[PDB]
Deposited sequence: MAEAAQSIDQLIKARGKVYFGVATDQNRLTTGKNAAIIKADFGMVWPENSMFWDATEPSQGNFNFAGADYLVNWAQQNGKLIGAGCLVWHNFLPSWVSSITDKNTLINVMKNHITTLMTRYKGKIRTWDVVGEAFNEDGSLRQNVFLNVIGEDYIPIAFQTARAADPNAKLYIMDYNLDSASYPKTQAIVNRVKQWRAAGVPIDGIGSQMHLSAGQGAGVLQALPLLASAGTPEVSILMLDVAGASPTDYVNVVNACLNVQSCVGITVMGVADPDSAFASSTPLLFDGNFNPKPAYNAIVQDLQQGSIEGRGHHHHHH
């Protein structure tokens, strides 16, 4: 049974997965995504080192493939991350002039969003902007532009494609008592109060075993920021216990504004964390106990 169809029957928008051309053309990934998932993200092909490896030199073959495949197969598309410190080329992080970096950031945002205008449901505009203690991460954008870089990025994104839902995402938002979790909520409340167009908070849930349970308290805390949507991304769980995965799914079901969940790949061997066997399909492309547990859960 399709977890995406089953979650939609429970009133959510999607169960999605990260993918890209060479997953689509090998294994059983295309078959599983067609049957079982309702949304795709580019696993790597939309990151800055993939899309703008030198200034103004845009590389879109990878991302085009993904977007075209999704459209042909009636799948929603999420994409990201436009502004974060990972996968960022040296030419960007060596910029020291503030107006230059502002316009470099704006051109990156606008060129990518314009190319796919109208085709992308959700854009992760800003990513990993927080330190663990809740202060803003001192990436090149904060160091050169200052904290205005976040509102600027969001405004720029809303102008480029007003149809897209715009998200901020971060990791280690999995415990309601962790300082980072309350901090992003506080700053999102304040940005939105000031007219900054943040439609969603995305929680990057690269989890260790046993961490699923805590998401049942953390996700409602994130939703208290008052964004129209929240979501779960990059989900994987070391060991892939049915208990962890079902807890995450149920957190989504519990939180009215949570639109869905995206897993960090289809089958274990294609995970960055393969030895932890953290995904829902195994190396032979069979649905694992966690997949079947999610099915049972989703089936007062």
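**OP:** Any chance you could give me the deposited-sequence numbering of all the stretches lacking C-alphas?
**Re:** No C-alpha for residues 1-5, 305-307, 309-318.
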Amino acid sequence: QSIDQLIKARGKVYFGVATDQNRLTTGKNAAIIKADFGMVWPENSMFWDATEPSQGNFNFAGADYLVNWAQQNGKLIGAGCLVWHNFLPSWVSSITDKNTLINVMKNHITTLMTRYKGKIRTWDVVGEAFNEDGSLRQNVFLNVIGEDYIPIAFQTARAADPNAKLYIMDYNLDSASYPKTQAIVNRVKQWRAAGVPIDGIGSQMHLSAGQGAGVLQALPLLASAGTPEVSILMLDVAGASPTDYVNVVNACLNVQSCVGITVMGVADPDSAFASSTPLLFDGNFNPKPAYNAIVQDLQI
From here on, numbers count along this sequence of modelled residues.
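**OP:** Would you tell me which stretch averages the higher CA B-factor in the PDB entry, 223-231 or 67-75?
**Re:** On average, C-alpha B-factors are higher across 223-231.
Subject >> Residue stretch of maximal mean CA temperature factor, 160-168 vs 175-183 >> reply: According to the PDB entry, the answer is 175-183.
**OP:** Could you check 145, 207, 105, 120 and tell me which one carries the biggest Cα B-factor in the deposited entry?
**Re:** In the PDB entry, the greatest C-alpha B-factor among 145, 207, 105, 120 is found at 145.
**OP:** Among 57, 29, 44, 250, single out the one with the highest C-alpha B factor in the record, please.
**Re:** Top of the list by C-alpha B-factor: 250.
Subject >> Among modelled residues of the same chain, the CA temperature factor third for residue 85 >> reply: CA B-factor rank for residue 85: highest third.
**OP:** Using the B-factors in the PDB entry, rank residue 276's C-alpha atom against the chain and give the third, lowest, middle or highest.
**Re:** It falls in the top third of the chain.
Subject >> residue 197 - Cα temperature factor, lowest/middle/highest third of chain >> reply: It falls in the middle third of the chain.
Original post:
Of the three thirds of its chain by CA temperature factor, lowest, middle or highest, which one includes residue 98?
Top reply: Its C-alpha B-factor, which the entry lists for residue 98, ranks in the middle third among residues of this chain.
Subject >> residue 290 CA temperature factor, ranked by third within the chain >> reply: Middle third - that is where residue 290 ends up once the chain's C-alpha B-factors are sorted.
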